[PDB]
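S.K.: once you've seen the sequence and the experimental structure below, I've got questions.
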Amino acid sequence: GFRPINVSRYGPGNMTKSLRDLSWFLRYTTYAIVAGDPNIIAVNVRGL
Amino acid sequence: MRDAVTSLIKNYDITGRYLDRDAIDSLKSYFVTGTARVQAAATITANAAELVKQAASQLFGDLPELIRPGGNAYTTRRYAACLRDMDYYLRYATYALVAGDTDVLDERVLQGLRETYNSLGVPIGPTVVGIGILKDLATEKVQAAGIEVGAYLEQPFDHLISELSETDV
Amino acid sequence: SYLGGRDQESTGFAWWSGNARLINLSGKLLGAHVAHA
Amino acid sequence: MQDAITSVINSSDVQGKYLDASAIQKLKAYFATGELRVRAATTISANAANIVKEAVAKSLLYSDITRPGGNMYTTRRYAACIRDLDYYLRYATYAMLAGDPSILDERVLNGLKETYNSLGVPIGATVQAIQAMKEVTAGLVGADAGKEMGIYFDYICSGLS
Amino acid sequence: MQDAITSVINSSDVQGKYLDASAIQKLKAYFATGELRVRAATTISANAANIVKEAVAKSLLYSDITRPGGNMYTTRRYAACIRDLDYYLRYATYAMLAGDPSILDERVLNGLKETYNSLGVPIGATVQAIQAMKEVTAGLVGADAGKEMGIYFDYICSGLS
Amino acid sequence: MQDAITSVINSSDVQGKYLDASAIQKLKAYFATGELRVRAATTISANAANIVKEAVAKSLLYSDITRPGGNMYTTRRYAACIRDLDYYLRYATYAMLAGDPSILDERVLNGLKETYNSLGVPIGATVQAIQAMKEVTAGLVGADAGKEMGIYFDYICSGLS
Amino acid sequence: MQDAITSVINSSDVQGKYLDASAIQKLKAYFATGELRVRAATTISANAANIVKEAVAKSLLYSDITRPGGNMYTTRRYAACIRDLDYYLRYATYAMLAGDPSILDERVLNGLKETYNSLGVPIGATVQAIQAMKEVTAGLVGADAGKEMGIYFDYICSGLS
Amino acid sequence: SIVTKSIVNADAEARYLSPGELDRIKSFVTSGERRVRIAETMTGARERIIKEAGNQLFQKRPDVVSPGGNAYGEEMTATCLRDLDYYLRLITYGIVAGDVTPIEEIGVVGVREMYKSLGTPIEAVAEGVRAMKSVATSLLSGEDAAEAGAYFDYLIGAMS
Amino acid sequence: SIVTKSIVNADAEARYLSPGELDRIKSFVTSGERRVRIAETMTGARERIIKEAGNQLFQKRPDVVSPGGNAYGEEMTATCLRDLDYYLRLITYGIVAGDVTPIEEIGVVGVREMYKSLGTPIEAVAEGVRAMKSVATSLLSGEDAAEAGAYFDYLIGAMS
Amino acid sequence: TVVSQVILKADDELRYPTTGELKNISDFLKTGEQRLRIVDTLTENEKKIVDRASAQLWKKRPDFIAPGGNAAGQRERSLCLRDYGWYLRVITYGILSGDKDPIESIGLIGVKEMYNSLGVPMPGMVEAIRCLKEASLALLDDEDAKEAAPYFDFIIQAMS
Amino acid sequence: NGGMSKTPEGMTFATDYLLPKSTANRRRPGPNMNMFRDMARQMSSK
Amino acid sequence: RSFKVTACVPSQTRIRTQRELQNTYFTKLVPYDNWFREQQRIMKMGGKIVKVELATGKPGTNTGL
Ligand code: CLA
Ligand SMILES: *[C@H](C)[C@H]1/C(=C/c2[nH]c(/C=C3N=C(/C=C4\NC(=O)C(CC)=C4C)C(C)=C\3CCC(=O)O)c(CCC(=O)O)c2C)NC(=O)[C@@H]1C
Ligand SMILES: *[C@H](C)[C@H]1/C(=C/c2[nH]c(/C=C3N=C(/C=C4\NC(=O)C(CC)=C4C)C(C)=C\3CCC(=O)O)c(CCC(=O)O)c2C)NC(=O)[C@@H]1C
Ligand SMILES: *[C@H](C)[C@H]1/C(=C/c2[nH]c(/C=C3N=C(/C=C4\NC(=O)C(CC)=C4C)C(C)=C\3CCC(=O)O)c(CCC(=O)O)c2C)NC(=O)[C@@H]1C
Ligand SMILES: *[C@H](C)[C@H]1/C(=C/c2[nH]c(/C=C3N=C(/C=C4\NC(=O)C(CC)=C4C)C(C)=C\3CCC(=O)O)c(CCC(=O)O)c2C)NC(=O)[C@@H]1C
Ligand SMILES: *[C@H](C)[C@H]1/C(=C/c2[nH]c(/C=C3N=C(/C=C4\NC(=O)C(CC)=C4C)C(C)=C\3CCC(=O)O)c(CCC(=O)O)c2C)NC(=O)[C@@H]1C
Ligand SMILES: *[C@H](C)[C@H]1/C(=C/c2[nH]c(/C=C3N=C(/C=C4\NC(=O)C(CC)=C4C)C(C)=C\3CCC(=O)O)c(CCC(=O)O)c2C)NC(=O)[C@@H]1C
Ligand SMILES: CCC1=C(C)/C(=C/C2=NC(=C\c3[nH]c(/C=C4\NC(=O)[C@H](C)[C@H]4CC)c(C)c3CCC(=O)O)/C(CCC(=O)O)=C2C)NC1=O
Ligand SMILES: CCC1=C(C)/C(=C/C2=NC(=C\c3[nH]c(/C=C4\NC(=O)[C@H](C)[C@H]4CC)c(C)c3CCC(=O)O)/C(CCC(=O)O)=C2C)NC1=O
Ligand SMILES: CCC1=C(C)/C(=C/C2=NC(=C\c3[nH]c(/C=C4\NC(=O)[C@H](C)[C@H]4CC)c(C)c3CCC(=O)O)/C(CCC(=O)O)=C2C)NC1=O
């Protein structure tokens, strides 16, 4: 039941919050790798 | 905590008097609005878990400094804490709306709130905007339910504004 | 809020009447005619 | 209580950027000097009570502090002054392994000046006491890590004065 | 605590059924007896220190248990007796005002039989105490509510003995 | 706590002799299999909210204990059953690193059975639920650690009965 | 927690009468022997450390108790063995000064028989120890005072066996 | 008040106002015109109740008036009616509150430690408020004597 | 053990074992073959090492050898020679357990109260196990001598 | 109900219930036959409600019936149709009790995370109760629609 | 092999790496000055 | 004097407050002076009380603590 969403139906002000999250999902993954503990991934994702 | 009835008790108890004509007409002025108080308090809690969600998305779409890494609403550790710390301002505004005065707001939420937020780095600034986005709104769901709105249903909200925010002028 | 896509239940149209998802979609209606032309 | 891992990431969190090449250059020295940090930590815990015995024998005994009138005359206060002198060896070794002096800011320098001005403890006798064991540990763990251990003692001694 | 409004609700959802008309015909009787129950809780509490004064003077004053040798003579424990007797009268009032004796099962009759037989407190004097308490309050609130008090005073002493 | 490390210590200590060949023959089989038991605890710690879904839906769901009249019907007791089943997973994995079910004696199976009698949950449904977590863990961790899983849930299966 | 003055008084209060002349002689004989008892207890309190090494040196050392397999093998169990022996001496000097066997029920003999069975400590070396402890404290304080001390040590072993 | 007790239980459970706690406020404010008429009757006849409870106290228990008692004197009688003036005036405060808690935080919490210090028998005041209960139901109509008589009958068991 | 101390802190904060903390176990299961190569050396060389370090101990403290001292005679050496034999068993138990914790459950927590009643000067057996430290480190490699010396230095600070 | 609010209040303050809640108890107990006009018109009209709301849910949000959803199989949809009348049962417990005490302790305490133990997500099941409110309030008469409407309204706030 | 401990100690420090150096730098506003920013961008044509 | 109590307290708030799980069915030794209060606290939370035995009582004494 998944379809890829179009940008024109979505909105440019709506997707500029969206695309920075995709860097932010791995920016905290790079933070947690050098932190040596996955707690910061596993606490900022619950209920997102 | 301290009702509009019980505030008028120790407005009269400390001088040692009975209930005169001014006591019998100011208290009747509270009771004629009591049907309008309670039915407004139902529809405020109609979608109160939605009402904080519509306000803070309208807050953070209005002040986008508080999302991008700046002041503290950055992670969901902050953001879901922000929605809870918003939700106390909605929930205690229901109590003083029923209680008449703002003395429930005076010694449950207001005392120490300048000193809790300063110890965390939480700004007092957009918190005033966060109550300013609710007090005008809260009035939308009172208006769409058909209850009149004005004198009160703000009596509580700007007492959370004029006493929390620091005096400039 | 919307941006459902092309199903039965976002637009109210079924698998037949198989264009009327593109009455209001401006861009994919152009891809209908250019594939048709 | 935030460490060198947290202070680097929170320097890049509020900037919003990734790990930039100056910070990994800081993080490389934090990770490559771990066997210096472990060897320093395992030897101070190897003789924790020898160091504080030689520390008070360096600078505190046979003063006026031990004579009556002084603030180490009863055997209550000699156990107190030697517990508190142990605490500046525990928390120095705690900030040694985390690499940041922010443990001492939260834990030990919160109400230290409030305590010692309420019992009338001589502060000027304490700032030479922790300076005395700065020599003793650096003679015990070596000149490399004693230079490293000497910063957190001097951060305590800066907050003490 | 199960209530008489809620035990008939607790009788239904254990079976998982909706509210039967025989359960409604139970409930419509208990709503209509509302004023008869709430007024007796006022006038019991209006002199609740006075009922326990007259109840102890019925069958415990001047007797051989009040004389030395018996276990209510010292005044250490006779003041712990009438305070223990006062908790029976207050928990009878909650037992009437709820309309179910489930309140007495969960916080009066839990371990009360064993803690009296350990101490050597006479149960036969306590049943003689609390039965004399019932005949004061049935003449105090009227015999229409006195038979309502008689369900719960005799739920205690039948459970205690 | 008594580890399998401390089992062969305390056995050899009360004998007074040393770590001979009969002692260390358990040690060499401990450390060869110790790499595999720490790999099971990694995959458990990522799926810890998921094994409780796959086990309750295997054994407990679509049943009469879920129906009203059953004990696991209301959502308070439905919540406080997944609490009491998450804890049975986590203390089982403490024995996976331990190699000894002594951890289950001290913290889990000390006074649990009398609490379940005084609360009145069915004991055989728990053993039906603990046996549900036998195979879904070994479906994730592999049957080689499933034999290592094969002991401590069966210690719960024998100890609670 | 019942003195021999009070056990005269509590016997005189279940009767509810005044001080009989027969009960006067039951405390004047207490007031006769009291100046022996204060002088006895100070000689125990000086040599309280000299008693406990001697009783251990008569029966406990170089025996089956200090084997590699035994009760008092490790130095935590040896630490408790002098600690559980010190309370037998210390409570007896309360009992000798009170002139009562009462005080060693409320502090010593609550559950001490089954407590030694639950841990795995034999009672047979204990009754060989306190009876050895009775002889060294007999000649230390004099056999007239030790006859008063000797009866309470036999009140220990009656409860412990 | 009722509104004070309804807030402080819904706040202590960290909750909004209940549907079961909103109707009691709806029951409060529609009984608001009724309850304030009751306290106007007690304040409007407040000289009568203090005079005719003193006449039904002192005949009913005359040992506090006869000399060597506590309330003996030409002033000490007149300050005893000062003490009965206060426990009429608080009953007007509890009636407009709904709850009796403006008498709990004012007039009833520390009485047993103060009439012990003053030499007044505490039970003799409990014959007084029971006397002024009988005047106030004779002053009032049929239904409201169940209302205003209960606020007296809280205070009878709370003194003695 | 290394497992047990890492369990009872993660249990006390009511979580699982976090995967930054599992690697103290993941490391030591590879080096468990190292420690059983270490523990076999010290047990076989023990009955060599007991008959000179006690004689090394008696040079710096000879009054315990003297009459009046607590080690006078050959029958009063097995109180002392077996005690250093008792202590090296706890050292080798501390080798195999990984951390220092079997000595805490066996050999440290009453030594102040034990040797006070036994009449032994307690500052000698710290020097006696200081004599144990100097010669046991010579029998192994220096990587083993640094690790096995750290268990010795807790037993130095045990009696000091 | 209102009576278990008062006894569990008055137990820890060790008091009898005062007149501020005894008037509040008696005011609930005169409204049983008013509340019983609402409880049977929910009862025999149950199956008219239970699929008029169930069709209302999937015409609003069809993902629980979509393949890969939650009630895509019939053994889940037979469960999920049952839970509506289970929620219609416990709501009618609340209108009879006039408070929150049955509707708390049966189907509301802990449902926010124990749907997450199952497959069913939270805020779609919030939409299921909100469409069940208008499926019941259209059947209810208008002057007693406003009484039973906050009891449906509490379930929306506590679940979301 | 299977070393009990790890890492090369290295020659020095970790002593004074504590003070970070960066151009924060400054605060071009970027958020709620957008309306103002648009006016300034709009003004540039002149 | 003290009572050897064997009681079991269901916590019955623990899923709201989401705390750690400790285990009840305890066997403790409550002294004499507060058991008209300590038993009441077990009665507030619905705690079943199995056996109450006074450990070292001498029941019915008049003096003697
Ligand atoms: C210029 C021509 C044109 C265009 C662009 C449209 C556009 C549209 N029509 Mg449409 N229509 C037209 C002419 C047109 N109409 C004419 C002339 C007819 C009469 C026959 C129809 C009858 C028609 C129906 C019956 C309805 C529409 C609908 C629609 C809308 C949805 C289309 C859809 O889902 O297709 C659906 C396509 C199919 C179901 C495929 C059917 C294929 C048929 C059966 C093939 C016929 C035989 C063919 C020649 C093959 C022979 C093979 C040989 C080997 C035997 C869309 C706006 C719908 C509407 O109102 O939505 C707004 C609607 O319900 N159309
Ligand atoms: C949708 C396909 C994409 C998307 C869009 C999106 N997200 C939000 C809102 C937020 N996103 C976050 C993100 C995070 N918080 C974290 O802690 C972490 C881990 C470091 C991440 C990635 C947060 C806190 C919010 C709320 C605050 C905000 O408004 O930004 C929106 C706005 C929703 C609204 O209008 O209310 C949108 C459109 N999120 C995704 O994951 C997809 C990439
Ligand atoms: C969100 C819209 C706003 C914001 C919120 C925010 N608050 C916190 C933390 C707290 N808020 C409180 C406030 C209260 N506690 C009370 O008891 C009462 C009276 C009922 C009030 C008003 C408290 C105590 C905290 C501390 C945490 C706690 O609750 O124990 C945070 C967390 C700070 C952090 O980064 O950790 C946040 C983000 N901040 C904003 O920017 C918005 C204006
Ligand atoms: C000893 C080297 C010096 C000294 C010690 C001394 N201290 C006290 C009393 C206290 N000392 C502390 C110390 C600390 N508290 C902390 O929380 C920390 C950080 C973790 C430290 C280092 C505290 C709290 C007290 C109060 C008592 C207590 O611990 O409970 C005394 C006794 C003072 C008195 O008058 O009784 C003494 C003698 N004083 C010296 O002279 C030495 C220089
Ligand atoms: C008085 C008319 C009768 C009487 C009373 C009496 N009871 C005690 C001792 C205690 N009573 C209880 C009872 C309760 N605890 C509760 O929590 C509740 C629920 C409200 C009840 C009813 C308990 C547990 C004890 C034991 C603890 C203790 O004794 O302190 C005594 C004291 C006995 C004594 O001191 O020896 C007395 C006198 N006994 C009588 O003689 C009257 C018949
Ligand atoms: C030594 C002569 C013999 C011996 C003693 C021994 N006792 C224990 C344990 C306990 N002893 C007590 C007794 C008391 N505790 C008190 O508080 C009081 C009153 C002040 C008394 C009389 C208790 C409660 C214990 C259990 C506590 C504990 O075990 O620490 C031990 C310890 C057993 C163990 O393995 O831990 C020992 C060794 N045992 C002998 O073999 C000697 C003959
Ligand atoms: C009257 C029939 C009974 C009685 C009355 C009496 N009262 C006093 C003196 C005082 N009484 C109070 C009591 C209150 N003050 C309050 O503010 C309130 C709550 C609103 C109460 C209940 C106080 C403070 C006094 C002190 C003097 C004063 O009023 O300022 C007296 C005088 C006692 C004396 O010894 O002089 C008397 C006589 N006493 C009786 O005997 C009657 C039973
Ligand atoms: C870590 C060791 C440990 C365990 C195992 C433990 C169990 C435990 N389970 C309990 C309740 C419970 N236990 C269950 C049991 C179950 N639910 C089901 O569906 C099954 C039939 C069964 C288990 C598979 C239920 C339904 C309750 C709630 C009882 C109630 O709320 O009245 C309680 C009472 C308080 C609470 O609800 O938390 C404890 C203490 N406590 C511990 O300290
Ligand atoms: C590891 C746990 C452990 C401890 C603590 C322990 C102590 C211990 N020390 C003992 C004797 C003794 N131990 C010593 C000790 C010493 N002799 C000296 O001169 C030196 C100063 C010192 C040791 C180097 C002495 C003097 C005695 C005899 C005491 C006496 O006869 O009074 C005995 C009785 C005889 C025996 O079984 O050995 C025990 C049980 N045994 C243990 O298994
Ligand atoms: C007494 C209070 C109480 C209730 C009512 C309750 C219901 C309950 N609903 C369940 C499942 C379910 N609930 C839903 C419901 C939905 N999915 C959607 O898209 C919709 C929004 C919603 C439709 C009504 C579905 C689809 C399942 C089946 C999921 C499964 O078991 O795999 C289950 C697990 C399996 C079962 O028994 O069916 C229980 C126990 N539990 C309780 O403790």
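M.R.: Nice, I can see it. Numbers count the residues shown, from 1 in each chain, chains lettered A, B, ... in the order given. Ligands and ions are numbered 1, 2, ... in the order given.

S.K.: near chain H, anything from stretch B:106-115?
M.R.: Yes. Applying Cβ under 8 Å from any Cβ of the partner chain, one finds stretch B:106-115 in contact with chain H at residue B:108. From N, CA and C alone the C-beta is placed, and that goes for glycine too.

S.K.: who touches that stretch?
M.R.: With contact meaning Cβ atoms under 8 Å, 6 or more residues apart in numbering or on different chains, stretch B:106-115 is reached by B:1, B:88, B:89, B:92, B:124, B:160, B:163, B:164, B:166, H:11.

S.K.: next, count neighbours for the last one.
M.R.: This points to residue H:11. Here the number of neighbours of residue H:11 (other Cβ atoms under 10 Å in any protein chain shown) works out to 18.

S.K.: that one - nearest residue in space that isn't next to it in sequence?
M.R.: In space, and not counting its chain neighbours, residue H:11 is closest to residue B:95: 6.6 Å by Cβ to Cβ, 6 or more residues apart in numbering or on different chains.

S.K.: then the fifth one?
M.R.: Taking Cβ to Cβ, 6+ apart as the measure, residue B:124 lies nearest to residue B:117, with 5.7 Å between them; neighbours along the chain are not counted.

S.K.: likewise for the third one?
M.R.: Distances taken as Cβ to Cβ, 6+ apart place residue B:131 nearest to residue B:89, at 5.5 Å, with adjacent residues excluded.

S.K.: show me the contacts for that neighbour.
M.R.: B:89, B:157, B:158, B:160, B:161, B:164.

S.K.: between those, which is closest to chain G?
M.R.: If you rank the contacts of residue B:131 by distance to chain G using Cβ to the nearest Cβ, residue B:89 comes first, at 56.5 Å.

S.K.: just to revisit the earlier point, for the contacts of residue B:131, give me a markdown table that also has neighbour count.
M.R.: What follows is the contacts of residue B:131, written out as a markdown table (neighbours: other Cβ atoms under 10 Å in any protein chain shown):
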| residue | neighbour count |
| --- | --- |
| B:89 | 22 |
| B:157 | 25 |
| B:158 | 16 |
| B:160 | 25 |
| B:161 | 15 |
| B:164 | 19 |
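
S.K.: which residues are in contact with the residue lying closest to residue B:4 once chain neighbours are set aside?
M.R.: Spatial nearest neighbour of residue B:4, excluding adjacent residues (Cβ to Cβ, 6+ apart): residue B:100 at 2.5 Å. Going by Cβ under 8 Å, 6+ apart, residue B:100 touches B:3, B:4, B:5, B:7, B:30, B:37, H:3.

S.K.: out of the residues you listed, list just those in helices.
M.R.: Among the contacts of residue B:100, the members found in helices (DSSP state H) are B:4, B:5, B:7, B:30, B:37, H:3.

S.K.: so the first one sits against residue B:98, correct?
M.R.: No. Judged on Cβ atoms under 8 Å, residue B:4 makes no contact with residue B:98 at a distance of 9.7 Å.

S.K.: any quick ChimeraX command for the buried ones out of the contacts of residue B:100?
M.R.: Typed into ChimeraX, the line below selects the buried ones among those, using 16 or more other Cβ atoms under 10 Å in any protein chain shown:
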select /B:3,4,5,30,37 /H:3
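
S.K.: and which of the contacts of residue B:100 is nearest residue H:20?
M.R.: Within the contacts of residue B:100, the smallest distance to residue H:20 is 14.5 Å, found for residue H:3 (Cβ to Cβ).

S.K.: for chain A, just list every one of the helices.
M.R.: Ranges of helices in chain A, per DSSP H, are A:7-10, A:12-35.

S.K.: and the longest one, what does it pack against?
M.R.: It refers to helix A:12-35. Applying 3 or more Cβ pairs under 8 Å, 6 or more residues apart in numbering or on different chains; DSSP states H and E, one finds that helix A:12-35 contacts helix D:4-13.

S.K.: just the ones of the contacts of stretch B:106-115 in helices?
M.R.: B:88, B:89, B:92, B:160, H:11.

S.K.: which residue packs closest to the residue in chain B that chain A sits nearest to, ignoring adjacent ones?
M.R.: Going by Cβ to the nearest Cβ, chain A is nearest to residue B:75 of chain B, at 4.7 Å. Nearest residue to residue B:75, sequence neighbours excluded (Cβ to Cβ, 6+ apart): residue A:44, at 4.7 Å.

S.K.: and for the one you found, the neighbour number?
M.R.: Residues within reach of residue A:44, counting by other Cβ under 10 Å, total 20.

S.K.: which non-adjacent residue is nearest residue A:41?
M.R.: residue A:32 (4.9 Å).

S.K.: quick one: contacts for that neighbour?
M.R.: Per Cβ under 8 Å, 6+ apart, neighbours of residue A:32: A:38, A:39, A:40, A:41.

S.K.: let's see it at 7 Å
M.R.: Applying Cβ atoms under 7 Å, 6 or more residues apart in numbering or on different chains to residue A:32 gives the contacts A:38, A:40, A:41.

S.K.: and if you look at residue J:102?
M.R.: Residues near residue J:102 by Cβ under 7 Å, 6+ apart: E:6, E:9, J:90, J:93, J:94.

S.K.: beyond the helix or strand containing residue J:82, next helix or strand please.
M.R.: Counting by DSSP states H and E, the element that carries residue J:82 is helix J:74-97. Once the chain leaves helix J:74-97, the next helix or strand it forms, by DSSP H and E, is helix J:101-105.

S.K.: list the buried residues in that next one.
M.R.: J:101, J:102, J:103, J:104.

S.K.: then stretch D:22-41?
M.R.: Neighbour counts over stretch D:22-41 (16+ other Cβ under 10 Å) mark D:23, D:26-27, D:29-30, D:32-34, D:36-41 as buried.

S.K.: residue H:129 contacts residue H:153, doesn't it?
M.R.: No. Counting by Cβ atoms under 7 Å, residue H:129 stays clear of residue H:153, with 9.1 Å between them.

S.K.: tell me, how many residues neighbour the residue of chain B closest to chain A?
M.R.: 18.

S.K.: how about residue J:58?
M.R.: Neighbour count for residue J:58, taken as other Cβ under 10 Å: 18.

S.K.: now it. Nearest residue, chain neighbours left out?
M.R.: Distance criterion Cβ to Cβ, 6+ apart; nearest residue to residue J:58, sequence neighbours excluded, is residue J:65 at 5.1 Å.

S.K.: next, that neighbour: phi, psi?
M.R.: When read as degrees, to the nearest 10, the backbone of residue J:65 gives phi -100, psi -20.

S.K.: so it sits against residue J:73, correct?
M.R.: No. The criterion here is Cβ under 7 Å, and residue J:65 misses it with residue J:73 at 10.1 Å.

S.K.: okay, these two: which has more neighbours?
M.R.: Neighbour totals were compared for residue J:65 and residue J:73, and residue J:65 leads with 16 against 11 (other Cβ under 10 Å).

S.K.: in contact with residue H:100, which residues?
M.R.: Residues counted as contacts of residue H:100 (Cβ under 7 Å, 6+ apart) are H:94, H:151, H:154, J:18, J:19, J:20.
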